[PDB]
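Presented below is the structure to which this report refers.
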DNA sequence: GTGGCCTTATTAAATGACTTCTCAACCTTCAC
DNA sequence: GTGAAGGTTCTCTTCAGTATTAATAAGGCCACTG
RNA sequence: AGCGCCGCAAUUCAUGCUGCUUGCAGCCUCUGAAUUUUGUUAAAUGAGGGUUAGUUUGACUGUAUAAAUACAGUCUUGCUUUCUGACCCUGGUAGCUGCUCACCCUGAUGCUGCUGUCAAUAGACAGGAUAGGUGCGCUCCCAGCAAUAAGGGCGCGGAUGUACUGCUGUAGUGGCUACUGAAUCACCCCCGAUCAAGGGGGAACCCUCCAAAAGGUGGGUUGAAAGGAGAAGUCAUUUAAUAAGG
Ligand SMILES: [Mg+2]
Ligand SMILES: [Zn+2]
Ligand SMILES: [Zn+2]
């Protein structure tokens with residue numbers, strides 16, 4: 003062993019509005035974990051691959067968030083802030099993006115999936131629901147490694163000027 | 001199980017059939033629907049669920065003001081009475097189901113609390129395992173019904189040592205065990221109980237009895253709504269879809285005639301047996317039956333004529349006919365419904381009333397029951418009830434002069450055990466219990482004899498017809514069929530074979546296993562395994578052992594038990610219930626089932 | 003089934019402009035024609051569960067489109083449902 | 001043999017099964 | 001005045017439920033190492 | 001290949017057989033059990049759809065008997081089912097209507113798979129359950145297709161505030177309605193009934209019997225079984241739609 007070392011893992015700081023799908027994707031990339039791997043590591047199994055698609059029948063339970071809060075050092079109350087608050091309706095399929103936010107903070111925001119959200123009040127821009135250059139839909143936020151459209155390679159920060 | 005049904009087609013000219021159809025479909029079934037609706041809204045409905053019992057008269061009281069409502073007013077008195085009986089039996093059924101399910105949920109919730117692992121039992125007792133093992137040995141030596177006695181002992185003994193010792197003693201099947209607890213087999217056994225509690229909790233969200241709307245007005249108005257109106261949200265549109273997919277009820281509720289003399293039999297000049305019903309004597313229906321049942325319908329006339337010749341000095345309490353159901357059977361093709369559908373009468377008879385010796389059995393059963401009633405029962414109408422009961426008790430002594438057939442005599446020491454299994458539906462052992470020897474085994478193949486090929490046919494058709502339905506569903510084709518009638522045929526062939534063997538060896542009884550609810554056991558066992566194998570993957574869990582779970586849901590152990598009970602009662606062979614051992618082959622299970630039922634006689 | 007002439011007449015009547023062929027208003031007008039004809043069919047053909055499967059799809063499709071239009075503009079939405087005769 | 005992937009819910013229908021409940025009877029009244 | 005239709009009561013259900021002996025399993029592709 | 005089924009063969013055996021001693025010891029012809037192989041000119045299974053109020057599986061009484069049942073007489077009705085035979089089909093003519101498809105890749109409990117005339121394209125005509133693979137069969141496998149499982153890729157047009165949409169034809173494939181074609185049967189034919197209805201006439205084989213070379217009275221027979229039903233709830237499987245779940 004390395005003497006006086008504590009068993010450790012690569013951590014990531016969650017951004018102020020980062021979605022759980024985006025967060026788990028970064029944590030998985032930081033540790034080169036497959037989606038099945040993190041679920042086995044937390045012991046919740048295949049559930050992680052389901053959450054990364056925003057498939058929330060059922061929602062992330064107290065048990066499973068506290069389980070993920072054992073391998074991720076982020077506490078379960080902060081993990082619950084990566085999800086819609088109680089009774090806020092959300093949509094999983096059309097993945098959406100502000101772009102002007104992504105130039106400031108490279109994360110998907112869970113509020114971009116709310117059924118009540120359509121503009122960024124900070125930027126006063128209509129949030130995108132597909133790539134404005136090539137019309138390809140955005141991939142699940144767990145897969146936003148490159149920070150660009152997977153088809154035409156336009157960076158999300160440039161898509162800010164193609165909004166509203 | 002001496003009650004059986006015999007049936008016949010009822011034939012009449014069209015205006016009689018049309019008049020009856022309109023009474024049933026336009027008045028009687030709407031009345032039943034209204035009674036079901038009002039009864040499900042009654043302020044005592046929630047306390048009826050707690051008792052599990054309906055008040056004896058509440059349906060009759062609700063029907064009284066409806067008998068003169070313009071929606072329902074046009075019916076004979078016995079059709080209102082029939083509607084009352086339909087509704088009353090529906091809720092007697094439904095409240096009995098809910099009551100037992102609730103007791104099951106409460107019982108297993110207590111078991112989940114008192115199912116503690118030895119690691120938990122060490123902390124919760126504060127004693128070493130050997131110390132609680134000794135304390136369990138004492139508590140067993142006092143409780144020496174043992175299971176219930178330990179469940180009784182657990183509740184009020186707040187002493188956590190004895191309480192834990194009872195928990196340890198119950199975990200092992202009411203006995204001591206030296207061997208160590210396999211922690212994963214315990215965790216699985218705990219998980220099974222949680223699944224069972226959850227599945228019981230879900231079954232207790234049963235719907236109230238839905239009725240039969242024959243107009244389907246709700247479907248058409250929902251169609252007009254959903255096509256011309258914006259849905260306020262997804263939940264309204266889903267409720268619209270759920271209505272639009274609901275299939276229409278074609279047929280009214282049958283009529284029920286609980287008074288056997290409300291069917292009045294006659295023979296027309298063309299020599300055919302005829303019947304008319306109280307309140308509808310102008311509608312003569314002609315009996316069209318198989319000869320294999322004709323002797324019953326002839327008996328109904330002879331019983332009626334006997335009591336008329338004696339000026340009612342006989343009792344209809346010994347009439348072979350018990351009650352009738354009047355049913356429309358769905359016809360193939362097209363027409364007006366009174367022409368398309370075939371009117372059918374189902375008569376309950378008690379098979380014992382065929383013979384004179386069996387009638388004497390029923391007479392004593394009637395006399396004891398009525399003498400008990402008259403003694404315990406002691412208003413003007415309640416005194417009239419006593420007088421009718423006393424008239425019955427007097428008149429059942431008058432004989433109908435029925436065919437004499439000496440009752441079956443079976444040796445008390447000879448038993449037939451019937452092992453029931455998923456792979457081998459029945460296996461029998463004839464045991465001479467005082468000798469402790471098997472007189473005969475028979476396999477499933479020997480029981481079916483020349484019919485044994487039907488058993489492979491059933492398996493083959495169940496596969497084939499399921500796949501043809503699966504293919505037909507994707508086309509929205511109506512041609513969806515199944516093997517239920519072949520399965521019923523097989524169970525009746527087995528029942529006759531088992532009883533014939535019992536007669537041949539002069540067995541005193543047939544022993545059948547208390548299987549319990551095999552489907553909920555298997556379903557919770559497999560789910561507990563699958564949740565370990567496919568953690569967090571529901572579809573993987575549901576695919577796991579899917580065909581075994583299907584096979585267990587098709588296993589017709591209840592239908593086979595029922596067929597055996599009926600055939601044994603018609604020959605006067607006693608049915609006994611025993612515990613089927615899990616060890617051994619179907620032959621050994623049948624032997625030990627038989628011998629345990631003998632030893633369990635006390 | 004729908005004729006090309008009735009189809010193109012729906013396009014022309016609900017178009018936002020002469021080359022608009024796919025705005026949500028045109029889509030709900032197309033679906034409203036289909037739903038009206040199929041409702042008349044199912045009133046007569048209750049056992050046509052194959053065709054009933056289509057209705058539940060078509061009603062859902064129009065429900066999603068109208069909900070989309072309504073939160074673009076209640077003025078356009080209310081005007082549109084009034085023209086189509088939808089409550 | 002390790003490892004990744006595999007979404008989950010409701011309601012209706014068909015089929016196969018399971019369970020529960022029921023299976024009176026004498027008397028009165030008005031009609032030829 | 002024999003037959004038809006119609007009336008009437010039948011109670012209480014604080015009881016029944018909860019334990020074993022359990023079977024080898026019931027998962028199938030792909031790729032990738034060892 | 002895999003899986004299910006079928007028989008075959010083999011071993012062991014008792015629910016089989018043999019014996020005196022009636023509880024035991026042999027044996028493996030019969031009748032069965034335990035699943036062990038194996039697919040053979042074998043023996044068994046075998047799933048395209050449809051067709052009868054079809055026949056037999058009855059009731060009572062007497063006689064016999066150890067039950068089981070059997071014989072004789074009288075009566076008989078047609079219900080709901082399970083098989084075995086035999087027979088008929090591969091449908092037609094108008095309407096209504098769903099789903100599917102820009103294109104490409106993958107290929108699903110996807111679709112299709114017979115014979116033989118003709119026939120380059122196209123299918124038609126006549127046969128017909130012998131219907132792709134094995135003993136038989138599958139959702140497996142083979143071959144073609146695959147838009148009508150899921151996914152993935154990627155055009156121009158509309159729309160772009162979360163909805164999505166067009167590329168889509170005498171098109172492919174389902175469903176519903178009306179009318180309509182064949183068997184509409186139990187040894188065969190013909191004429192009828194179908195909420196009642198049966199009638200006529202034959203063919204084989206066997207009894208009964210003139211005293212008889214010969215045919216012919218009086219009848220019989222020509223495949224079997226099973227039955228407790230209604231009502232209400234529930235579970236499981238599958239299919240379809242919807243939703244992203246208070
Ligand atoms: Mg959407
Ligand atoms: Zn922004
Ligand atoms: Zn792009």
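Residue numbers (the entry's author numbering), protein chains in the order written: chain C, 3 to 166; chain A, 1 to 144, 173 to 406, 412 to 635; chain B, 3 to 89. Think of the CB as a built atom: it goes at the ideal place given N, C-alpha and C, for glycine as much as any other residue.
Check each candidate in the options and name the one with the smallest Cα separation from residue i.
{"i": "residue 522 (chain A)", "options": "A:589, A:576, A:580", "result": "A:589"}
{"i": "residue 240 (chain A)", "options": "A:75, A:536, A:37", "result": "A:37"}
{"i": "residue 170 (chain A)", "options": "A:553, A:614, A:227, A:327", "result": "One cannot assign coordinates to residue 170 (chain A), given that chain A in this structure leaps from 144 to 173."}
{"i": "residue 97 (chain C)", "options": "C:87, C:5, C:89, C:119", "result": "C:119"}
{"i": "residue 243 (chain A)", "options": "A:30, A:212, A:255, A:584", "result": "A:30"}
{"i": "residue 579 (chain A)", "options": "A:557, A:598, A:591, A:599", "result": "A:557"}
{"i": "residue 119 (chain A)", "options": "A:110, A:192, A:134", "result": "A:192"}
{"i": "residue 135 (chain C)", "options": "C:164, C:91, C:65", "result": "C:164"}
{"i": "residue 89 (chain A)", "options": "A:530, A:627, A:301, A:56", "result": "A:56"}
Leaving out five residues before and five after residue i in sequence, what residues of the same chain have Cβ atoms less than 6 Å from its Cβ?
{"i": "residue 343 (chain A)", "result": "425, 428, 429"}
{"i": "residue 445 (chain A)", "result": "541"}
{"i": "residue 247 (chain A)", "result": "none"}
Suppose contacts are defined by Cβ-Cβ distances below 7 Å. Is residue i in contact with residue j by that definition?
{"i": "residue 544 (chain A)", "j": "residue 501 (chain A)", "result": "no"}
{"i": "residue 354 (chain A)", "j": "residue 282 (chain A)", "result": "yes"}
{"i": "residue 35 (chain A)", "j": "residue 87 (chain A)", "result": "yes"}
{"i": "residue 133 (chain C)", "j": "residue 17 (chain C)", "result": "no"}
{"i": "residue 70 (chain C)", "j": "residue 100 (chain C)", "result": "no"}
{"i": "residue 606 (chain A)", "j": "residue 375 (chain A)", "result": "no"}
{"i": "residue 57 (chain B)", "j": "residue 40 (chain B)", "result": "yes"}
{"i": "residue 474 (chain A)", "j": "residue 620 (chain A)", "result": "yes"}
{"i": "residue 532 (chain A)", "j": "residue 601 (chain A)", "result": "yes"}
{"i": "residue 538 (chain A)", "j": "residue 472 (chain A)", "result": "yes"}
{"i": "residue 360 (chain A)", "j": "residue 369 (chain A)", "result": "no"}
Mapping the DSSP letters down to three states, classify residue i as helix, strand or coil.
{"i": "residue 483 (chain A)", "result": "helix"}
{"i": "residue 106 (chain C)", "result": "coil"}
{"i": "residue 501 (chain A)", "result": "helix"}
{"i": "residue 89 (chain A)", "result": "helix"}
{"i": "residue 16 (chain B)", "result": "helix"}
{"i": "residue 125 (chain A)", "result": "helix"}
{"i": "residue 34 (chain C)", "result": "coil"}
{"i": "residue 411 (chain A)", "result": "For residue 411 (chain A), no position is available: the coordinates of chain A end at 406 and pick up again at 412."}
{"i": "residue 215 (chain C)", "result": "This structure gives no information on residue 215 (chain C), because the portion of chain C shown stretches from 3 to 166."}
{"i": "residue 157 (chain C)", "result": "strand"}
Sorted by chain position, which residues of the same chain lie with C-beta nearer than 7 Å to residue i's C-beta, five sequence neighbours on each side aside?
{"i": "residue 70 (chain B)", "result": "26"}
{"i": "residue 12 (chain C)", "result": "32, 33"}
{"i": "residue 95 (chain A)", "result": "48, 49, 52, 53, 54"}
{"i": "residue 347 (chain A)", "result": "288, 331"}
{"i": "residue 535 (chain A)", "result": "449, 543, 606"}
{"i": "residue 80 (chain C)", "result": "16"}
{"i": "residue 54 (chain C)", "result": "23, 26, 27, 37, 142, 144"}
Go through its chain and collect everything with a Cβ distance to residue i's Cβ below 8 Å, but skip five positions before and after it.
{"i": "residue 25 (chain A)", "result": "242, 280, 365"}
{"i": "residue 10 (chain A)", "result": "303, 313, 314, 315, 316, 354, 371, 372, 373"}
**Message:** Along the region 251-265 of chain A, where does the CB come closer than 7 Å to a CB of chain B? Name the residues.
**Reply:** 251, 254, 255, 256, 257, 258, 259, 265
**Request:** Could you run through the region 56-88 of chain B and flag, in chain order, every residue whose CB is less than 8 Å away from some CB of chain A?
**Result:** 57, 58, 61, 62, 65, 68, 83, 87, 88
**Prompt:** In the region 542-575 of chain A, which residues sit with their C-beta less than 8 Å from some C-beta in chain C, listed in chain order?
**Reply:** 567, 568, 569, 570, 573
**Request:** Identify each residue in the region 35-50 of chain C for which the Cβ-Cβ distance to at least one residue of chain A is less than 9 Å, and report them in chain order.
**Result:** 41, 42, 45, 46, 47, 48, 49, 50
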